$ cat entry.cif   # mmCIF, N, CA and C atoms and all ligand atoms
data_final
loop_
_atom_site.label_atom_id
_atom_site.label_comp_id
_atom_site.auth_asym_id
_atom_site.auth_seq_id
_atom_site.Cartn_x
_atom_site.Cartn_y
_atom_site.Cartn_z
N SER A 7 16.07 -61.67 -16.41
CA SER A 7 17.26 -62.52 -16.59
C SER A 7 18.39 -61.73 -17.26
N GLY A 8 19.62 -62.25 -17.22
CA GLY A 8 20.76 -61.62 -17.88
C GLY A 8 22.05 -61.83 -17.12
N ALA A 9 23.15 -61.70 -17.83
CA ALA A 9 24.49 -61.94 -17.24
C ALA A 9 25.51 -61.00 -17.86
N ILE A 10 26.64 -60.85 -17.17
CA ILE A 10 27.85 -60.21 -17.71
C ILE A 10 28.80 -61.32 -18.11
N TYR A 11 29.38 -61.25 -19.33
CA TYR A 11 30.34 -62.25 -19.81
C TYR A 11 31.68 -61.54 -20.00
N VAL A 12 32.57 -61.64 -19.01
CA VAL A 12 33.88 -61.00 -19.05
C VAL A 12 34.92 -62.08 -18.93
N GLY A 13 35.90 -62.10 -19.82
CA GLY A 13 36.92 -63.16 -19.77
C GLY A 13 36.28 -64.55 -19.78
N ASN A 14 36.71 -65.42 -18.85
CA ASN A 14 36.08 -66.74 -18.67
C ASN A 14 35.16 -66.76 -17.44
N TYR A 15 34.43 -65.67 -17.22
CA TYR A 15 33.48 -65.55 -16.12
C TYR A 15 32.11 -65.20 -16.63
N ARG A 16 31.09 -65.70 -15.92
CA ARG A 16 29.68 -65.36 -16.13
C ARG A 16 29.19 -64.81 -14.78
N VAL A 17 28.76 -63.54 -14.77
CA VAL A 17 28.26 -62.90 -13.54
C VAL A 17 26.74 -62.82 -13.63
N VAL A 18 26.05 -63.39 -12.63
CA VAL A 18 24.58 -63.41 -12.61
C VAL A 18 24.09 -63.02 -11.26
N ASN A 19 22.78 -62.71 -11.18
CA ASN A 19 22.14 -62.53 -9.87
C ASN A 19 22.22 -63.89 -9.16
N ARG A 20 22.65 -63.90 -7.89
CA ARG A 20 22.74 -65.19 -7.16
C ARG A 20 21.39 -65.89 -7.16
N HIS A 21 20.29 -65.13 -7.02
CA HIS A 21 18.97 -65.78 -6.91
C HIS A 21 18.50 -66.41 -8.21
N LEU A 22 19.16 -66.11 -9.35
CA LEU A 22 18.82 -66.67 -10.66
C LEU A 22 19.88 -67.69 -11.14
N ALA A 23 20.89 -67.99 -10.31
CA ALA A 23 21.93 -68.95 -10.74
C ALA A 23 21.34 -70.32 -11.05
N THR A 24 21.88 -70.94 -12.10
CA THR A 24 21.42 -72.29 -12.51
C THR A 24 22.26 -73.39 -11.82
N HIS A 25 21.87 -74.69 -11.99
CA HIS A 25 22.68 -75.77 -11.49
C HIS A 25 24.07 -75.75 -12.12
N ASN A 26 24.15 -75.45 -13.44
CA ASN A 26 25.46 -75.38 -14.06
C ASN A 26 26.33 -74.29 -13.44
N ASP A 27 25.72 -73.15 -13.07
CA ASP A 27 26.50 -72.10 -12.39
C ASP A 27 27.06 -72.61 -11.04
N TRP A 28 26.21 -73.26 -10.23
CA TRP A 28 26.67 -73.81 -8.94
C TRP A 28 27.72 -74.90 -9.10
N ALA A 29 27.64 -75.70 -10.17
CA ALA A 29 28.59 -76.77 -10.39
C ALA A 29 29.92 -76.26 -10.95
N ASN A 30 29.98 -74.98 -11.39
CA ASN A 30 31.20 -74.35 -11.96
C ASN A 30 31.45 -73.04 -11.20
N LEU A 31 31.26 -73.07 -9.90
CA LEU A 31 31.28 -71.85 -9.10
C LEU A 31 32.64 -71.25 -8.90
N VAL A 32 32.76 -69.92 -9.05
CA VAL A 32 34.00 -69.19 -8.74
C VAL A 32 33.82 -68.46 -7.40
N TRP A 33 32.70 -67.74 -7.22
CA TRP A 33 32.48 -66.90 -6.04
C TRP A 33 31.02 -66.56 -5.92
N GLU A 34 30.50 -66.47 -4.71
CA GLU A 34 29.11 -66.04 -4.52
C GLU A 34 28.97 -65.28 -3.23
N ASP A 35 28.03 -64.33 -3.18
CA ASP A 35 27.82 -63.53 -1.98
C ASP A 35 26.35 -63.16 -1.89
N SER A 36 25.63 -63.80 -0.95
CA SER A 36 24.22 -63.56 -0.76
C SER A 36 23.90 -62.09 -0.39
N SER A 37 24.75 -61.48 0.44
CA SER A 37 24.54 -60.10 0.84
C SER A 37 24.60 -59.12 -0.30
N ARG A 38 25.22 -59.48 -1.43
CA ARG A 38 25.32 -58.65 -2.64
C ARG A 38 24.38 -59.12 -3.77
N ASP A 39 23.71 -60.28 -3.60
CA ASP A 39 22.95 -60.92 -4.67
C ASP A 39 23.78 -61.23 -5.92
N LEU A 40 25.05 -61.64 -5.72
CA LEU A 40 25.90 -61.94 -6.89
C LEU A 40 26.44 -63.37 -6.85
N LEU A 41 26.61 -63.94 -8.03
CA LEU A 41 27.30 -65.22 -8.20
C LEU A 41 28.07 -65.17 -9.48
N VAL A 42 29.28 -65.75 -9.47
CA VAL A 42 30.14 -65.82 -10.65
C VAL A 42 30.52 -67.28 -10.90
N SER A 43 30.31 -67.74 -12.12
CA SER A 43 30.70 -69.09 -12.53
C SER A 43 31.72 -69.01 -13.67
N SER A 44 32.40 -70.14 -13.95
CA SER A 44 33.41 -70.17 -14.99
C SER A 44 32.78 -70.58 -16.34
N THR A 45 33.38 -70.11 -17.44
CA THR A 45 32.86 -70.40 -18.79
C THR A 45 33.94 -71.00 -19.66
N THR A 46 33.51 -71.79 -20.65
CA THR A 46 34.47 -72.36 -21.61
C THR A 46 34.86 -71.30 -22.64
N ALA A 47 33.87 -70.55 -23.12
CA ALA A 47 34.14 -69.52 -24.13
C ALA A 47 34.49 -68.16 -23.50
N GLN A 48 35.29 -67.34 -24.16
CA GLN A 48 35.65 -66.00 -23.70
C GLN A 48 34.55 -65.01 -24.01
N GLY A 49 34.23 -64.12 -23.05
CA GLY A 49 33.20 -63.11 -23.25
C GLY A 49 33.73 -61.80 -23.78
N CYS A 50 32.79 -60.92 -24.18
CA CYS A 50 33.15 -59.62 -24.77
C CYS A 50 32.86 -58.40 -23.92
N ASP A 51 32.23 -58.57 -22.77
CA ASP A 51 31.98 -57.42 -21.91
C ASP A 51 33.26 -57.02 -21.19
N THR A 52 33.43 -55.74 -20.95
CA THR A 52 34.56 -55.24 -20.12
C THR A 52 33.97 -54.52 -18.91
N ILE A 53 34.64 -54.60 -17.77
CA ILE A 53 34.14 -53.98 -16.54
C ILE A 53 34.67 -52.57 -16.42
N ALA A 54 33.81 -51.64 -16.07
CA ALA A 54 34.18 -50.26 -15.79
C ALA A 54 35.00 -50.21 -14.48
N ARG A 55 36.07 -49.35 -14.49
CA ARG A 55 36.89 -49.15 -13.28
C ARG A 55 36.94 -47.63 -13.16
N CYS A 56 35.92 -47.09 -12.55
CA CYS A 56 35.64 -45.66 -12.55
C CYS A 56 34.74 -45.27 -11.39
N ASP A 57 34.42 -43.93 -11.37
CA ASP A 57 33.52 -43.40 -10.37
C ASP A 57 32.24 -42.81 -10.99
N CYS A 58 31.83 -43.26 -12.17
CA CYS A 58 30.59 -42.74 -12.78
C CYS A 58 29.38 -42.95 -11.90
N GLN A 59 28.48 -41.96 -11.88
CA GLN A 59 27.17 -41.98 -11.20
C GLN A 59 26.03 -41.74 -12.20
N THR A 60 26.34 -41.78 -13.52
CA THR A 60 25.35 -41.71 -14.56
C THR A 60 25.70 -42.82 -15.58
N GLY A 61 24.69 -43.39 -16.18
CA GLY A 61 24.92 -44.46 -17.15
C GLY A 61 23.62 -44.83 -17.81
N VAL A 62 23.56 -46.04 -18.38
CA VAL A 62 22.39 -46.52 -19.10
C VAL A 62 22.14 -47.97 -18.70
N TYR A 63 20.87 -48.34 -18.46
CA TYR A 63 20.58 -49.74 -18.15
C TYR A 63 19.58 -50.33 -19.10
N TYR A 64 19.60 -51.67 -19.24
CA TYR A 64 18.61 -52.40 -20.03
C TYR A 64 17.44 -52.90 -19.19
N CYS A 65 16.26 -52.56 -19.65
CA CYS A 65 14.99 -52.89 -18.98
C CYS A 65 14.21 -53.89 -19.87
N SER A 66 14.25 -55.20 -19.54
CA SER A 66 13.59 -56.21 -20.39
C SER A 66 12.07 -56.06 -20.46
N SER A 67 11.44 -55.52 -19.40
CA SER A 67 9.99 -55.32 -19.38
C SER A 67 9.53 -54.15 -20.23
N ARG A 68 10.48 -53.40 -20.83
CA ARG A 68 10.17 -52.35 -21.80
C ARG A 68 10.92 -52.59 -23.12
N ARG A 69 11.79 -53.60 -23.22
CA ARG A 69 12.69 -53.80 -24.37
C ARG A 69 13.42 -52.48 -24.70
N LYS A 70 13.93 -51.75 -23.69
CA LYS A 70 14.53 -50.45 -23.90
C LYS A 70 15.68 -50.23 -22.95
N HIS A 71 16.65 -49.43 -23.41
CA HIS A 71 17.76 -48.95 -22.58
C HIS A 71 17.40 -47.55 -22.10
N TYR A 72 17.60 -47.24 -20.83
CA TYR A 72 17.26 -45.92 -20.28
C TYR A 72 18.47 -45.28 -19.62
N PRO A 73 18.68 -43.97 -19.85
CA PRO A 73 19.72 -43.26 -19.09
C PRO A 73 19.29 -43.04 -17.64
N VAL A 74 20.19 -43.17 -16.71
CA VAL A 74 19.88 -42.99 -15.28
C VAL A 74 21.02 -42.34 -14.55
N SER A 75 20.64 -41.65 -13.45
CA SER A 75 21.60 -41.20 -12.44
C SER A 75 21.39 -42.15 -11.25
N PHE A 76 22.48 -42.65 -10.66
CA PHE A 76 22.36 -43.66 -9.61
C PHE A 76 23.23 -43.32 -8.42
N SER A 77 22.83 -43.77 -7.24
CA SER A 77 23.58 -43.50 -6.01
C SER A 77 24.89 -44.29 -5.94
N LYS A 78 25.79 -43.93 -5.04
CA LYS A 78 27.01 -44.70 -4.84
C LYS A 78 26.70 -46.01 -4.13
N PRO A 79 27.49 -47.06 -4.35
CA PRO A 79 27.20 -48.37 -3.74
C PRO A 79 27.08 -48.27 -2.22
N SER A 80 26.00 -48.82 -1.67
CA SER A 80 25.68 -48.64 -0.26
C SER A 80 24.92 -49.86 0.27
N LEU A 81 24.65 -49.82 1.59
CA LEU A 81 23.89 -50.84 2.29
C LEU A 81 22.46 -50.34 2.38
N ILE A 82 21.56 -50.97 1.65
CA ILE A 82 20.15 -50.58 1.48
C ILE A 82 19.20 -51.68 1.93
N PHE A 83 18.10 -51.30 2.59
CA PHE A 83 17.12 -52.30 3.04
C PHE A 83 16.24 -52.65 1.85
N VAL A 84 16.15 -53.95 1.53
CA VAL A 84 15.39 -54.45 0.38
C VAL A 84 14.19 -55.28 0.90
N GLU A 85 12.99 -54.98 0.36
CA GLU A 85 11.77 -55.69 0.78
C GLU A 85 11.86 -57.19 0.50
N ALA A 86 11.05 -57.96 1.24
CA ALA A 86 10.97 -59.41 1.01
C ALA A 86 10.49 -59.70 -0.39
N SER A 87 11.01 -60.82 -0.92
CA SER A 87 10.57 -61.32 -2.23
C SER A 87 10.44 -62.86 -2.12
N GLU A 88 10.17 -63.54 -3.27
CA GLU A 88 10.17 -65.00 -3.19
C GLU A 88 11.60 -65.54 -3.02
N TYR A 89 12.65 -64.70 -3.19
CA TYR A 89 14.04 -65.18 -3.15
C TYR A 89 14.80 -64.88 -1.86
N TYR A 90 14.41 -63.78 -1.16
CA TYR A 90 15.09 -63.41 0.10
C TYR A 90 14.05 -62.79 1.04
N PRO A 91 14.24 -62.96 2.36
CA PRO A 91 13.44 -62.20 3.34
C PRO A 91 13.84 -60.72 3.26
N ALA A 92 13.09 -59.81 3.87
CA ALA A 92 13.44 -58.40 3.93
C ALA A 92 14.81 -58.32 4.67
N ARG A 93 15.75 -57.57 4.10
CA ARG A 93 17.12 -57.59 4.62
C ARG A 93 17.88 -56.42 4.08
N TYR A 94 19.12 -56.25 4.56
CA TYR A 94 20.01 -55.24 3.99
C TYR A 94 20.87 -55.92 2.93
N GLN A 95 20.95 -55.29 1.73
CA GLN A 95 21.80 -55.73 0.63
C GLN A 95 22.94 -54.73 0.52
N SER A 96 24.18 -55.21 0.40
CA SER A 96 25.33 -54.33 0.28
C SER A 96 25.70 -54.09 -1.19
N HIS A 97 26.51 -53.04 -1.40
CA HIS A 97 27.07 -52.66 -2.70
C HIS A 97 25.92 -52.43 -3.72
N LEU A 98 24.82 -51.87 -3.25
CA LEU A 98 23.64 -51.63 -4.09
C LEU A 98 23.55 -50.15 -4.42
N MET A 99 23.16 -49.84 -5.67
CA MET A 99 23.03 -48.45 -6.16
C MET A 99 21.60 -48.25 -6.61
N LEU A 100 20.93 -47.18 -6.20
CA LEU A 100 19.54 -46.95 -6.58
C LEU A 100 19.39 -45.84 -7.59
N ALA A 101 18.36 -45.95 -8.44
CA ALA A 101 18.04 -44.92 -9.43
C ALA A 101 16.53 -44.91 -9.60
N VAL A 102 16.04 -43.83 -10.24
CA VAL A 102 14.66 -43.74 -10.64
C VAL A 102 14.59 -44.33 -12.07
N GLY A 103 13.79 -45.36 -12.22
CA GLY A 103 13.63 -46.05 -13.51
C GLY A 103 12.65 -47.19 -13.33
N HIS A 104 12.01 -47.64 -14.43
CA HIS A 104 11.09 -48.74 -14.34
C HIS A 104 11.80 -50.08 -14.13
N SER A 105 11.25 -50.91 -13.30
CA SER A 105 11.69 -52.28 -13.13
C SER A 105 10.56 -53.15 -12.62
N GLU A 106 10.56 -54.41 -13.04
CA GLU A 106 9.72 -55.54 -12.62
C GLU A 106 10.65 -56.69 -12.25
N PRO A 107 10.16 -57.67 -11.45
CA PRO A 107 11.09 -58.72 -10.90
C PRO A 107 12.02 -59.38 -11.94
N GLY A 108 11.45 -59.79 -13.08
CA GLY A 108 12.16 -60.43 -14.18
C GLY A 108 13.17 -59.55 -14.89
N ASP A 109 13.23 -58.26 -14.55
CA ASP A 109 14.26 -57.37 -15.11
C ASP A 109 15.63 -57.59 -14.47
N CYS A 110 15.71 -58.37 -13.37
CA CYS A 110 17.05 -58.66 -12.79
C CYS A 110 17.97 -59.28 -13.83
N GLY A 111 19.19 -58.80 -13.88
CA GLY A 111 20.19 -59.28 -14.81
C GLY A 111 20.52 -58.30 -15.93
N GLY A 112 19.65 -57.31 -16.16
CA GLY A 112 19.94 -56.32 -17.19
C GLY A 112 21.20 -55.52 -16.83
N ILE A 113 22.02 -55.21 -17.84
CA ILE A 113 23.28 -54.49 -17.58
C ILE A 113 23.06 -53.01 -17.38
N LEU A 114 23.80 -52.44 -16.40
CA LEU A 114 24.02 -50.99 -16.25
C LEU A 114 25.44 -50.74 -16.74
N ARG A 115 25.63 -49.77 -17.62
CA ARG A 115 26.96 -49.45 -18.18
C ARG A 115 27.15 -47.95 -18.23
N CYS A 116 28.44 -47.57 -18.31
CA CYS A 116 28.86 -46.18 -18.55
C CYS A 116 29.84 -46.23 -19.78
N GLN A 117 30.48 -45.06 -20.14
CA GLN A 117 31.47 -45.05 -21.23
C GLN A 117 32.68 -45.94 -20.97
N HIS A 118 32.94 -46.32 -19.69
CA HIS A 118 34.10 -47.15 -19.35
C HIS A 118 33.86 -48.65 -19.43
N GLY A 119 32.56 -49.04 -19.47
CA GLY A 119 32.22 -50.44 -19.51
C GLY A 119 31.03 -50.76 -18.60
N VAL A 120 30.93 -52.03 -18.24
CA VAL A 120 29.82 -52.53 -17.41
C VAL A 120 30.03 -52.14 -15.94
N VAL A 121 29.01 -51.56 -15.34
CA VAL A 121 29.04 -51.10 -13.96
C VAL A 121 28.41 -52.12 -13.02
N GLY A 122 27.32 -52.77 -13.46
CA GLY A 122 26.63 -53.73 -12.59
C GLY A 122 25.41 -54.29 -13.29
N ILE A 123 24.55 -54.99 -12.52
CA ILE A 123 23.34 -55.61 -13.10
C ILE A 123 22.13 -55.25 -12.26
N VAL A 124 20.95 -55.19 -12.87
CA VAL A 124 19.71 -54.97 -12.12
C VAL A 124 19.55 -56.08 -11.06
N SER A 125 19.22 -55.68 -9.84
CA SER A 125 19.06 -56.62 -8.72
C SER A 125 17.80 -56.31 -7.89
N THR A 126 17.29 -55.07 -7.86
CA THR A 126 16.11 -54.77 -7.01
C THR A 126 15.25 -53.73 -7.73
N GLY A 127 14.10 -53.39 -7.14
CA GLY A 127 13.27 -52.32 -7.71
C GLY A 127 11.85 -52.34 -7.16
N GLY A 128 11.01 -51.54 -7.81
CA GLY A 128 9.59 -51.39 -7.51
C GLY A 128 9.24 -49.92 -7.39
N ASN A 129 7.98 -49.57 -7.66
CA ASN A 129 7.46 -48.21 -7.50
C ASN A 129 8.30 -47.14 -8.16
N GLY A 130 8.78 -47.43 -9.36
CA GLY A 130 9.54 -46.47 -10.12
C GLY A 130 10.96 -46.28 -9.67
N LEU A 131 11.47 -47.22 -8.86
CA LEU A 131 12.91 -47.31 -8.53
C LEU A 131 13.51 -48.57 -9.15
N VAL A 132 14.80 -48.52 -9.41
CA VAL A 132 15.55 -49.69 -9.88
C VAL A 132 16.88 -49.68 -9.11
N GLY A 133 17.32 -50.84 -8.66
CA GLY A 133 18.59 -50.97 -7.94
C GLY A 133 19.53 -51.89 -8.69
N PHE A 134 20.80 -51.57 -8.63
CA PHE A 134 21.86 -52.31 -9.37
C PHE A 134 22.94 -52.79 -8.41
N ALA A 135 23.30 -54.07 -8.57
CA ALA A 135 24.44 -54.65 -7.83
C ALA A 135 25.71 -54.19 -8.53
N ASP A 136 26.56 -53.41 -7.82
CA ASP A 136 27.83 -52.95 -8.38
C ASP A 136 28.81 -54.11 -8.53
N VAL A 137 29.63 -54.07 -9.60
CA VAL A 137 30.73 -55.03 -9.78
C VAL A 137 32.08 -54.32 -9.96
N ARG A 138 32.15 -53.00 -9.87
CA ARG A 138 33.38 -52.28 -10.20
C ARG A 138 34.49 -52.52 -9.20
N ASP A 139 34.18 -52.95 -7.97
CA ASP A 139 35.24 -53.25 -6.98
C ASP A 139 35.84 -54.66 -7.16
N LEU A 140 35.22 -55.52 -8.00
CA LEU A 140 35.65 -56.93 -8.15
C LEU A 140 36.78 -56.99 -9.17
N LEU A 141 37.98 -56.58 -8.73
CA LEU A 141 39.09 -56.40 -9.67
C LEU A 141 39.55 -57.68 -10.33
N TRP A 142 39.36 -58.80 -9.61
CA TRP A 142 39.78 -60.11 -10.09
C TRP A 142 38.98 -60.54 -11.34
N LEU A 143 37.82 -59.92 -11.66
CA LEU A 143 37.12 -60.28 -12.91
C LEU A 143 37.98 -59.98 -14.14
N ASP A 144 39.00 -59.09 -14.02
CA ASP A 144 39.85 -58.72 -15.17
C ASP A 144 41.04 -59.62 -15.40
N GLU A 145 41.23 -60.64 -14.56
CA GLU A 145 42.40 -61.53 -14.70
C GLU A 145 42.01 -63.00 -14.59
N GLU A 146 42.97 -63.89 -14.90
CA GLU A 146 42.98 -65.35 -14.77
C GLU A 146 43.11 -66.02 -16.11
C1 LIG A 201 13.84 -55.72 -10.10
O1 LIG A 201 13.32 -56.25 -8.87
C2 LIG A 201 12.04 -55.93 -8.54
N1 LIG A 201 11.31 -55.15 -9.33
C3 LIG A 201 10.07 -54.84 -8.91
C4 LIG A 201 9.52 -55.29 -7.73
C5 LIG A 201 10.28 -56.10 -6.89
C6 LIG A 201 11.57 -56.42 -7.30
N2 LIG A 201 12.46 -57.20 -6.52
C7 LIG A 201 12.66 -58.54 -6.73
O2 LIG A 201 11.90 -59.19 -7.45
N3 LIG A 201 13.71 -59.10 -6.08
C8 LIG A 201 14.05 -60.54 -6.25
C9 LIG A 201 15.28 -60.70 -5.38
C10 LIG A 201 15.96 -59.30 -5.44
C11 LIG A 201 17.05 -58.99 -4.43
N4 LIG A 201 16.73 -59.15 -3.16
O3 LIG A 201 18.19 -58.61 -4.79
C12 LIG A 201 14.75 -58.36 -5.35
ZN ZN A 202 32.47 -44.96 -15.95
#
$ encode --input "entry.cif" --output "structure tokens" --more "lines below"
Ligand SMILES: COc1ncccc1NC(=O)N1CC[C@H](C(N)=O)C1
Ligand SMILES: [Zn+2]
Amino acid sequence: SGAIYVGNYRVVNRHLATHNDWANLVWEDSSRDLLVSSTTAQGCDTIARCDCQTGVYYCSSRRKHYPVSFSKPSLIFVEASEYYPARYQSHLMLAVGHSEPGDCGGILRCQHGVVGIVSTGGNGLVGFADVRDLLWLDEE
């Protein structure tokens, strides 16, 4: 589990969105595994607007942050899970790192800010849904 809190937005994995998220919906995209809902309180996270390919992510199944090198956002085939059939997910970045299903939502960040959230993994890989192209998260 986990979210990004930027401005009056809450960014979560679409497959983990709550009823309150759906009832306060701003934007969602199944192909990216992302959903954004509106918040009453202002958040403290800032979004990175950069080209970093190295950063650090939070792994809840280890209670630890790990440094990683990750690929550029791309269209990657993701195995079936209880939430989606086997399919291509867009804007996904892969790295070598530990992950388990419940690790979705952990933040990946660089020196510029938040880059994305854990969205996929297995067998010593971890994948992150990029948010750096979503420029509208910085306004409203
Ligand atoms: C961190 O994810 C994992 N970690 C280990 C094995 C398997 C996984 N993957 C998952 O549980 N899913 C749930 C939905 C998600 C997606 N399609 O974006 C992939
Ligand atoms: Zn950066």
$ residues_near_ligand --input "entry.cif" --ligand "ligand LIG 201 (chain A)" --cutoff "6 Å" --atoms "all atoms listed in the file" --output "list in words"
residues 39, 87, 88, 89, 90, 105, 106, 107, 108, 109, 110, 124, 125, 126, 127, 128 and 129 of chain A
$ closest_residue --input "entry.cif" --among "A:8, A:91, A:79, A:103" --to "residue 131 in chain A" --atoms "only N, CA and C atoms"
A:103
$ residues_near_ligand --input "entry.cif" --ligand "ligand ZN 202 (chain A)" --cutoff "5 Å" --atoms "only N, CA and C atoms and all ligand atoms" --output "count of residues only"
5
$ atom_distance --input "entry.cif" --atom1 "CA of residue 85 in chain A" --atom2 "CA of residue 7 in chain A"
19.5 Å
$ closest_atom_pairs --input "entry.cif" --of "range 44-124 of chain A" --to "range 136-139 of chain A" --cutoff "5 Å" --atoms "only N, CA and C atoms" --output "tab-separated table"
residue	atom	partner	partner_atom	distance
A:97	C	A:136	N	4.3
A:121	C	A:137	N	4.1
A:122	CA	A:137	N	4.2
$ write_last_selection --input "entry.cif" --atoms "N, CA and C atoms" --output "PDB file, in the coordinates of the input"
ATOM      1  N   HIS A  97      26.510 -53.040  -1.400  1.00  0.00           N
ATOM      2  CA  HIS A  97      27.070 -52.660  -2.700  1.00  0.00           C
ATOM      3  C   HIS A  97      25.920 -52.430  -3.720  1.00  0.00           C
ATOM      4  N   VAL A 121      29.010 -51.560 -15.340  1.00  0.00           N
ATOM      5  CA  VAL A 121      29.040 -51.100 -13.960  1.00  0.00           C
ATOM      6  C   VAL A 121      28.410 -52.120 -13.020  1.00  0.00           C
ATOM      7  N   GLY A 122      27.320 -52.770 -13.460  1.00  0.00           N
ATOM      8  CA  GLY A 122      26.630 -53.730 -12.590  1.00  0.00           C
ATOM      9  C   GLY A 122      25.410 -54.290 -13.290  1.00  0.00           C
TER      10      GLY A 122
END
$ atom_distance --input "entry.cif" --atom1 "CA of residue 101 in chain A" --atom2 "CA of residue 132 in chain A"
5.4 Å
$ atom_distance --input "entry.cif" --atom1 "CA of residue 70 in chain A" --atom2 "CA of residue 114 in chain A"
12.2 Å
$ closest_residue --input "entry.cif" --among "A:133, A:40, A:143, A:10" --to "residue 65 in chain A" --atoms "only C-alpha atoms"
A:133
$ closest_residue --input "entry.cif" --among "A:63, A:82, A:123, A:36" --to "residue 111 in chain A" --atoms "only N, CA and C atoms"
A:123
$ select_by_dssp --input "entry.cif" --residues "range 31-127 of chain A" --states "strand (DSSP E)" --output "PyMOL selection string"
chain A and resi 31-35+40-44+60-65+70-75+80-84+93-102+113-116+119-127
$ closest_residue --input "entry.cif" --among "A:115, A:27, A:20, A:12" --to "residue 57 in chain A" --atoms "only C-alpha atoms"
A:115
$ closest_residue --input "entry.cif" --among "A:75, A:52, A:95, A:24" --to "residue 37 in chain A" --atoms "only N, CA and C atoms"
A:95
$ residues_around --input "entry.cif" --residues "range 49-51 of chain A" --least-positions-apart "4" --cutoff "10 Å" --atoms "only C-alpha atoms" --output "NGL selection string"
:A and (9-16 or 45 or 119-120)
$ decode --input "entry.cif" --residues "range 50-62 of chain A" --atoms "N, CA, C and O atoms" --output "PDB file, in the first residue's frame"
ATOM      1  N   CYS A  50       2.669  17.113   1.158  1.00  0.00           N
ATOM      2  CA  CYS A  50       4.052  17.605   1.201  1.00  0.00           C
ATOM      3  C   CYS A  50       4.996  17.002   0.183  1.00  0.00           C
ATOM      4  O   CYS A  50       6.175  17.414   0.149  1.00  0.00           O
ATOM      5  N   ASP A  51       4.555  16.026  -0.591  1.00  0.00           N
ATOM      6  CA  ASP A  51       5.432  15.457  -1.613  1.00  0.00           C
ATOM      7  C   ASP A  51       5.523  16.400  -2.801  1.00  0.00           C
ATOM      8  O   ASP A  51       4.552  17.101  -3.143  1.00  0.00           O
ATOM      9  N   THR A  52       6.674  16.433  -3.441  1.00  0.00           N
ATOM     10  CA  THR A  52       6.852  17.194  -4.699  1.00  0.00           C
ATOM     11  C   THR A  52       7.238  16.207  -5.797  1.00  0.00           C
ATOM     12  O   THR A  52       7.914  15.205  -5.519  1.00  0.00           O
ATOM     13  N   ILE A  53       6.797  16.445  -7.026  1.00  0.00           N
ATOM     14  CA  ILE A  53       7.080  15.539  -8.140  1.00  0.00           C
ATOM     15  C   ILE A  53       8.361  15.949  -8.831  1.00  0.00           C
ATOM     16  O   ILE A  53       8.590  17.132  -9.176  1.00  0.00           O
ATOM     17  N   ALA A  54       9.205  14.984  -9.121  1.00  0.00           N
ATOM     18  CA  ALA A  54      10.422  15.188  -9.888  1.00  0.00           C
ATOM     19  C   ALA A  54      10.055  15.512 -11.349  1.00  0.00           C
ATOM     20  O   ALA A  54       9.153  14.887 -11.964  1.00  0.00           O
ATOM     21  N   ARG A  55      10.809  16.491 -11.950  1.00  0.00           N
ATOM     22  CA  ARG A  55      10.609  16.845 -13.362  1.00  0.00           C
ATOM     23  C   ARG A  55      12.022  16.797 -13.929  1.00  0.00           C
ATOM     24  O   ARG A  55      12.743  17.810 -14.024  1.00  0.00           O
ATOM     25  N   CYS A  56      12.435  15.604 -14.285  1.00  0.00           N
ATOM     26  CA  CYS A  56      13.826  15.294 -14.595  1.00  0.00           C
ATOM     27  C   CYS A  56      13.936  14.045 -15.451  1.00  0.00           C
ATOM     28  O   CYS A  56      12.984  13.359 -15.778  1.00  0.00           O
ATOM     29  N   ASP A  57      15.232  13.687 -15.750  1.00  0.00           N
ATOM     30  CA  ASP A  57      15.517  12.479 -16.491  1.00  0.00           C
ATOM     31  C   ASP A  57      16.338  11.462 -15.677  1.00  0.00           C
ATOM     32  O   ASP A  57      17.057  10.644 -16.275  1.00  0.00           O
ATOM     33  N   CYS A  58      16.262  11.493 -14.349  1.00  0.00           N
ATOM     34  CA  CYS A  58      17.010  10.517 -13.532  1.00  0.00           C
ATOM     35  C   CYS A  58      16.638   9.089 -13.864  1.00  0.00           C
ATOM     36  O   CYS A  58      15.473   8.774 -14.070  1.00  0.00           O
ATOM     37  N   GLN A  59      17.645   8.207 -13.861  1.00  0.00           N
ATOM     38  CA  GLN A  59      17.513   6.742 -14.024  1.00  0.00           C
ATOM     39  C   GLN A  59      18.100   5.999 -12.820  1.00  0.00           C
ATOM     40  O   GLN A  59      18.286   4.779 -12.861  1.00  0.00           O
ATOM     41  N   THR A  60      18.416   6.741 -11.729  1.00  0.00           N
ATOM     42  CA  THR A  60      18.838   6.165 -10.475  1.00  0.00           C
ATOM     43  C   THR A  60      18.042   6.872  -9.361  1.00  0.00           C
ATOM     44  O   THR A  60      17.702   8.054  -9.500  1.00  0.00           O
ATOM     45  N   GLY A  61      17.720   6.148  -8.324  1.00  0.00           N
ATOM     46  CA  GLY A  61      16.954   6.737  -7.221  1.00  0.00           C
ATOM     47  C   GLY A  61      16.873   5.748  -6.091  1.00  0.00           C
ATOM     48  O   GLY A  61      17.674   4.826  -6.005  1.00  0.00           O
ATOM     49  N   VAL A  62      15.876   5.925  -5.211  1.00  0.00           N
ATOM     50  CA  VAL A  62      15.691   5.093  -4.038  1.00  0.00           C
ATOM     51  C   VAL A  62      14.212   4.771  -3.899  1.00  0.00           C
ATOM     52  O   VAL A  62      13.388   5.674  -4.084  1.00  0.00           O
TER      53      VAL A  62
END
